[PDB]
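# Structural characterization, general
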Amino acid sequence: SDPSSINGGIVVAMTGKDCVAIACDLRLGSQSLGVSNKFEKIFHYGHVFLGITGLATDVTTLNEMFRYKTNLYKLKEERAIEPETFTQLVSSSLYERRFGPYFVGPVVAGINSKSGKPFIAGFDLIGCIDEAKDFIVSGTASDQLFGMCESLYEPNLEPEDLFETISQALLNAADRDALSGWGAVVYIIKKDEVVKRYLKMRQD
Amino acid sequence: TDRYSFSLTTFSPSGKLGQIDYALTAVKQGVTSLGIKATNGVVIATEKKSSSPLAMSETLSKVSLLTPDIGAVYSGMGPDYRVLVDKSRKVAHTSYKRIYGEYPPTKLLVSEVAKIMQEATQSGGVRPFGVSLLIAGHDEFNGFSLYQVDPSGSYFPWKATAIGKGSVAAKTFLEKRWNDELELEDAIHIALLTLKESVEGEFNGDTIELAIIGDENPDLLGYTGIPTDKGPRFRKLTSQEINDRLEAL
Amino acid sequence: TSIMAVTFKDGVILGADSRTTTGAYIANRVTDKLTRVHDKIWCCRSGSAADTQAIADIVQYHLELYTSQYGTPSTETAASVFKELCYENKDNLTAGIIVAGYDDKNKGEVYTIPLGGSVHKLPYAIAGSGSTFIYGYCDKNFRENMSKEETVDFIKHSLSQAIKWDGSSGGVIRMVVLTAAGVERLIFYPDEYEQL
Amino acid sequence: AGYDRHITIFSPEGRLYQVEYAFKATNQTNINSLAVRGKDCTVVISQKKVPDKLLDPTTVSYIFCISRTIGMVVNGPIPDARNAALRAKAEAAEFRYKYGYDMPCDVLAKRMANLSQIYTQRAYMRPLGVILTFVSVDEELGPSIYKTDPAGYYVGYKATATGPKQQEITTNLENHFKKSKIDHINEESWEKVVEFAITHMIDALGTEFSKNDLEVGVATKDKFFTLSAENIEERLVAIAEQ
Amino acid sequence: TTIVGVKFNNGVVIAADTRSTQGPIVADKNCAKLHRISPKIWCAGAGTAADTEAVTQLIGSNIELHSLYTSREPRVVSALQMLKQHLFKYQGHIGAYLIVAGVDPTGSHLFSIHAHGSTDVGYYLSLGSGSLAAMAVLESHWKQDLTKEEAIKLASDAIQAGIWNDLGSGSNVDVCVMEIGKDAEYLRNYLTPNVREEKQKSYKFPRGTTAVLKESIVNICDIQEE
Amino acid sequence: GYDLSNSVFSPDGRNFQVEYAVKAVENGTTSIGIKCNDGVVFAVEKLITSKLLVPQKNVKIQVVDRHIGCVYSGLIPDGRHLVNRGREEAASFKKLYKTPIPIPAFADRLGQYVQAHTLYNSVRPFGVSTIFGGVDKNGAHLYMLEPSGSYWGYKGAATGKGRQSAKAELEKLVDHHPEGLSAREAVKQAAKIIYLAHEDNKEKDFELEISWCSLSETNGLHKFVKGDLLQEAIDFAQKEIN
Amino acid sequence: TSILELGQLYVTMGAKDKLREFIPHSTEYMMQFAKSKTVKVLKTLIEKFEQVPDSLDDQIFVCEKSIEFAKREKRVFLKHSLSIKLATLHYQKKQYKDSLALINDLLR
Amino acid sequence: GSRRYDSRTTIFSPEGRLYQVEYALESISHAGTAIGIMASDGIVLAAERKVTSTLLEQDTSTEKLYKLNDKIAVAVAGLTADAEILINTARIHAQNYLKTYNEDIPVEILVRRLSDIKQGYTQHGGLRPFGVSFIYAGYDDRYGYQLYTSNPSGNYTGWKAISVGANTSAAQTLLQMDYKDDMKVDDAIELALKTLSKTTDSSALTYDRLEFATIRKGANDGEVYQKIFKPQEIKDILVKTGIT
């Protein structure tokens, strides 16, 4: 019916201690048909990670839009662009496409490397700075995700245990979803190094 | 009609651009200002001047605020400084407090204002603004920084510099007076002492304008109850604070 | 909303009721509708709160600029700024504006300007949704050049029928008096006008 | 090129001669003003001269009402006086509209100032050859005088004068505040500030004045008025009976 | 989502709550809806989230530019006016409901602006969605001539009862008390409603429970060194 | 070079262009404006170049609105542009404020237009002097506008070749009648000094055109004096100069 | 705030042996302070001692000891300042041969 | 009026030639030298600063050296204001190319685009040129390492060794005798240093007056490490080559 729900897909992001994790499913098709599992929805610009849901075309156009700006930032400033001003950047580019809205949901996940402090932030649609320091949820099955996350999470976890928690929070939610079910990637993101583990997940 | 869109700055037959050669002379026909960069802070100090002594001097500003961490100070023309300070602020808000929702780093602010000078060098109906600016400011990631933007549109970082008419003598004085670690307390005494060799005028806080990009002041914050942000790192020094330091030279 | 103005011997008195609704909920019941856009030319806002407010500024912009180049404008003149702007935004916006002022030459004058934009000179004007109830009371009982105290109790009795029958109006009744003497505020509380 | 001061271009001396030529043209009406800050008022007095009997004396004027709080006194040619009177009016409407209070004098000094710079930066706009004295009474800054000039330079004043013989006035004002030892006369009423002002002007210019050769403008709190020749006549007798 | 502002003749208290919603799902458990137009002018926002936040940015910039050119401290009325024009040219398609509270060189203030371009005055305003519930409380216990100590109780209890009579309300009560002649005081988390009930079972799992179908390592943290 | 244009400045306060525009107006025919108690009375000397002309069929007094007489000297075509412009500006004001324009308002407008033509490289300042007035509801007023954009109130103004004869005789008329004179009585006065202003212009022959705007004769409209009233004026003057 | 009011402690004071003594212990206090504004402060304590005579010897002593610290702990600026005052103590006590040798050496 | 005072500087001379272009070329030998030397394993870019003072901060300065993208950096010699502009034009062009094809720009394409920009200013509009000369060091797979100079007219030619700025004729003679087709990067660094030691416009040649940067295949997995050196790494390799 609405554009975002045609293309499906979910993004979950959860702080731990000194670390963060962002995760997605890799289904991407239109309506009934699953077309591809060779589509990643988490992109990164330096050490800011951006996964994004909703309309498949506005995903790939924000990947290009944001990229172009974080080049101009890297050359000019000569340091990587920090997640904390990336949050403001997300708000501003949406909000000037106020009319002709983008039917999206950015989930920004990163680590401030100058204190070691874990940072997450959210957006849906044309702005809305969804503050948390616990988790941010987005996508077309935010309801499913949301349940798993609020009950499991105990604050200030170890990165290994953060991996157990987020693997579960995607797995159970996804097959009580019809707009997901094909593939899954979990980025465990330490403030010195980036592990990508693709999970096993039953086919729809 | 109008048909002034042809450049009024052109290369000279001997090379170099005549109009920017003219503008720089003008900077040394002005007032005198200097800046010293300390380890833990930055100071700028300049002379306040007016036509008659019956004119005020508190309603005039030659140290002006761009951001709460970045002040500017000039030598050159008063009228030409006034407009560019406003344009400096306008571009600092529109291209960095709307798109990053915060204030720009000193290097990034320098560069913006250098474009505005640049289109005063290119195109018709402009002649260069005849100022040299110091832009001292502080950002977190490169710490304390001192710049000089010139009539030409280049910028230079410096470790200590002066501009104005008493410039050639002043940088010679500051060459022996610069040290590898200088404290901000010590620097304040230095800048006053240099500008005392450069100014004959009756030497009070009311004629010497002092501004520091020292350290953060949570009392100029304007609010409390937020511990996350901290106040202005700029702090304009009014007559009373300078008067104690007059006596300590 | 209920506003009116009615002329008298030395000027005009302007009258209003300060209840201001959005739907069923009153947003604020002390909200003034009596607006100074020039210092002897006041006006009374009605129709949508937004729409009239925007118009009252742009009309202020053009009478300020009148007074600095050409001397103070007449009531006739201020009405015509309202007219021609209501003209441009007839379908875009709605306004009811009754324009009432003191002139030092022709005394006080009342013009009324509906939403289409037209002017009509009248000795008395009513507008709002309070005014389709009080129509008959106002016309039986009116005589030109009535004493000051008789004006005060007429506008009062008129506006007490408006608050009684229309429920969209209410609050305090306020008035502005334009006279040779100056601008004088009146206010009458609910406990005063129910008896009177 | 032989073109070097037809446009607003620096000289080998690094200067704008073009702009200097404006300041040699601010003295063509040869009128003089003096304006002094009381304690709770501002007063500005200027000369009036009519060259013929055949003008109407009322309309001849140099003190132009801009806001209802900001008076403006003009030294230099009346064509550029008017263009300066108009622009200012435009900004005064403009400030109220967008910021929702009346324009401060302080802010009128910088707008009209920045506008002056823009006329010496275009290579096709000739600057106004008018020195404007802006008198006001502000509540946030107190009584103030701001003087702009054809360059766009400005500063505040404790008192100031303008005009070709204005050096003379500078002597009177300097000597006067030297004795008081404060920037403003301690006097709580506008009447006696009109009385003081005329006295220094009689001393300086060396000529006593009449009702029809004066023009007086007074800024009080919250209103700006000009006095007529009749109210000025009263003031003159009371200097004699001090 | 409720806003109260309580003007008294010493200062002004403006308080609002931290629950933001996106329909029946609670979007955020703490988010600061108290925005600083200026340091001395704080407002709060109710209504559409993406439209409050962004337009406090626009005017925040425009008021600072303005004050720097005027070399005087902001007026409140300056904030109110900037907003009014801006909203009106979109003709109510930006659904901002602000209570613009502020001290200035004219005294303590409280104004309202609604999502059409309408502006109202008052010494007590209530606005937003949970308005109705806060408004009811106020009129019974108010009087003019409050102190900051009276006012702060009354506002915060109207916000606490708004939780318990509205579903958009919830979570922590933030209050900001801006006195005249002082720095504004952000007494955040003045009232805690409730602490989240202790759950009866640990849910942290064994390690190696999940499976990994493949994996790879990429470090984007560096580009390949010498 | 610095003596050639309008955007130039020169260190004598002169701006040689504009001064040269007065020299154009100095080739014009005499035009007077008699300010009377009830209104204004214009007359213009109209040179009869040749006996080939069709007589009384060129009007050098053109109306602006319905209540502001306008008569100009200098370059005839150039003046026609300035009047067209003040008929636009009158019409804009009539719409926007729904009253016939005041004369101090009409003054502001025209004043601005000619001032404009001294600040650009690509324009020439117009070389015409206007004389305009009428009756508005603040009373009758009269203004003369210099090519420099200078103007003043006036109880009698003139311009033209025979501004020499005319001025001295206007002094005579304010010392005849220092309490003013009637607009009817002033028809005969405009005839008398236009005739005397053709003894600086006696190489030709001429036709006298007289128009008035007075409250008390024309109900505040700008009308022409015509038929038998007009020939009584011609005879009166004709017999004095013989 | 503590140093300015320690200035009253050393010398004001009335002519005593304790005044004498106190000035050689001011130079000890100097070394603890060890900062930029110590340099200016030192000179003024020394001037007040000069002003009131208390032991010929001892005056010359405190200046010499301070010129020693003025090239090893404090900078060049201090040393020539103190050396002018040493020159002055010599000329006024009427030792012209010592005052000359001191002056010449400075002045290239 | 305006047409009278019009410069007309964009007309041909009797020679068919453009006076302002030559005047631009005249003035760049008043700015410092920037040299490129192409080794077979990398590219050395070696620039001599046109300023120096002991009170200068010349340590955060990258006042000759700019990254246009992480694979193509430039050496700038001339009027710095005009140059700054083109530098952000170039960044905007690189990112555009990257938006539309999702592939980094080849060195051939970006050098043609900057050059056309220059061409416009001398061709019409009555403007004066942008007096800048760029030495482009870049890596692409399609043609490898490629070295390039462009001039204010807006014309480019590839080079195996080039010098721009001050003493162009001089540096060229030297380069021709001490070049070999294939070198290591070190030998190049050495040569880069050596030419600037014989051409330096002050007798002394120091690290704090060198900006110096390479692009090296010392990044494994067929990638290129853009390195702009710190002046304390310059100090060691200058003692290595035995200059100081």
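Along each chain, residues carry numbers from 1 upward in sequence order, and these need not match the entry's numbering; residues missing coordinates do not appear. Labels follow written order: the first chain is A, the first ligand is 1, and so on. Note that these chains sit within a larger assembly, yet all values were taken from the shown part only. Side-chain measures here rest on the full set of heavy atoms in the structure, leaving out hydrogens and waters.

## Some remarks on the interface of chain A and chain E
Defined as follows: Here, two residues are considered to be in contact whenever any of their heavy atoms come within 4.5 Å of each other. Here the quantity called buried area is the accessible surface, traced with a 1.4 Å probe, that two parts lose on coming together, added over both. Salt-bridge detection follows one rule: a side-chain nitrogen of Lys or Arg within 4 Å of a carboxyl oxygen of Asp or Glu. As used in this structure description, the phrase polar contact means that two N or O atoms lie within 3.5 Å; if the pair is within protein, one of them must be able to donate a hydrogen and the other to accept it, and residues adjacent in sequence are counted only when both atoms belong to side chains. Strands here are runs of E lasting at least two residues and helices are runs of H or I lasting at least four, both read from the DSSP assignment and numbered beginning at the N terminus. Following the grouping adopted for this structure description, the nonpolar residues are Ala, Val, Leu, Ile, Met, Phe, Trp, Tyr, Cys and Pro, the charged ones are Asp, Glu, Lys and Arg, and the polar ones are all others, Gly among them. Any two strands with at least two DSSP bridges between them are considered paired.
Taken together, the contact between chain A and chain E spans 41 residues of the former and 39 residues of the latter. Across the chain A to chain E interface the summed buried area is about 3,500 Å²; carbon plus sulfur atoms make up 56%. Looking at the side of chain A facing chain E, the largest losses of area belong to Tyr95, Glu164 and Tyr198 of chain A, adding up to 17% of the total buried there. Among the ionic pairs, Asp161 of chain A bridges to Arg207 of chain E, the shortest N-O distance being 3.0 Å. On the surface where chain A and chain E come into contact, there are 13 residue pairs in polar contact. Those elements giving two or more residues to the side of chain A that touches chain E turn out to be α3 (83-95), β9 (127-131), α4 (142-152), α5 (159-174) and β12 (194-199) of chain A. With eight residues, α5 of chain A is the single largest residue contributor to the side of chain A that touches chain E. The class makeup of the residues in the side of chain A that touches chain E is 16 nonpolar, 10 polar and 15 charged. In terms of strand pairing, β12 of chain A meets strand β13 (residues 212-217) of chain E through five bridges, oriented antiparallel. Opposite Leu199 of chain A, over in β13 of chain E, you have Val212 of chain E as the bridge partner.

## A word on unusual backbone geometry
For residues besides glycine, phi is generally negative; the peptide bonds are generally trans as well. Even without a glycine there, the phi angle at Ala34 of chain G is positive, about 30°. Examined against the element boundaries, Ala34 of chain G turns out to sit in the loop between α3 (26-33) and α4 (36-51). Phi is positive for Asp221 of chain H, which is not a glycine, with a value near 85°. Within the secondary structure, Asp221 of chain H sits in the loop between β9 (210-219) and β10 (223-228).

## A few points about the sheet that holds strand β3 (residues 65-69) of chain H
Residue and element names in this part refer to chain H. Stated formally: Axis lines are fitted through C-alpha atoms, for helices just across the contact stretch, and the angle between N-to-C directions can take any value from 0 to 180 degrees.
Spatially, β3-β4-β5-β6-β7 is the arrangement adopted by the five strands of the open sheet, whose pairing is antiparallel. Looking at the sheet topology across the chains shown, the edges are occupied by β3 and β7 (156-158). Averaged over all pairs of adjacent strands, the angle between their axes in this sheet comes to 25°, without regard to strand direction. One ladder, built from seven bridges, connects strand β5 (residues 132-140) with strand β6 (residues 144-150); its direction is antiparallel. Residue pairing across strands places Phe134 opposite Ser150, the latter belonging to β6. Across the sheet, helix α4 (residues 107-123) lies against β3, β4 (72-78), β5, β6 and β7, angled at about 160° from β5, the strand it touches most.

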